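Consider the single chain below, provided in structure tokens and representing the form deposited in one PDB entry.
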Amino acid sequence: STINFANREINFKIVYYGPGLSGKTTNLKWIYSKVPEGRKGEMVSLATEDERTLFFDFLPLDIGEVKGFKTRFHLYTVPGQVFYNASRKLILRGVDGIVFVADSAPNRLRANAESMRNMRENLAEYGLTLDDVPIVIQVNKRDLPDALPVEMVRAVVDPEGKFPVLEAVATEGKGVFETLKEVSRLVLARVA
């Protein structure tokens, strides 16, 4: 949401949210691997025993100058199993858009629903509803042999089909850029 006169940049924050081990890191790292060195900052991981945050910023090469001003995307996620809520609540501060990385595993179906309820709860602390922020659903791990039907996964996190849904196999980069383009489209629309 930030404007930075000094370096001539507007800054958008994109949060990858979802149950633990759904593929959030993997999305971030695939993306970070295809950005040229000169257009990205460092990928940074801050951790305690119980908590983690991982983030980087980059200048997408797909985006026009809004009157001399470049666009910088900052991608944030709370990777790993989650022990406390505090890093997931904080991750959402000043969020512009969110990718929800759902796990296609039968035994993570409940974890999907749980993380979505939690995102909704954390958003509510900032006075925001699920209608107030662009949210895209990525159904990741479509390669698993017992991958649930996409419609089933979608049904527990988005029963009225309010959000765009994309399939992914983040370990192979599949769906990864298309998911980032989708949230990008919605965030940049709101801007202009």
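Rigid core (definition): largest C-alpha set, two forms, superposition within 1.5 Å. The first residue of the shown sequence is 1; numbering continues from there.
The same protein also has a form deposited in another entry, omitted here; what follows describes it.
No residue of 149, 159, 127, 38 other than 38 has its CA displaced by 2 Å or more between this form and the one not shown when the core is superposed.
For residue 82, a C-alpha deviation of 2 angstroms or more is recorded between this form and the one not shown after rigid-core alignment. A shift of at least 3 angstroms pushes the Cα atoms of residue 54 and residue 15 further from each other in the other entry than in the displayed structure.
Panel note: the distance between the CA atoms of residue 50 and residue 128 is larger in the other entry than in this form, the difference being 3 Å or more.
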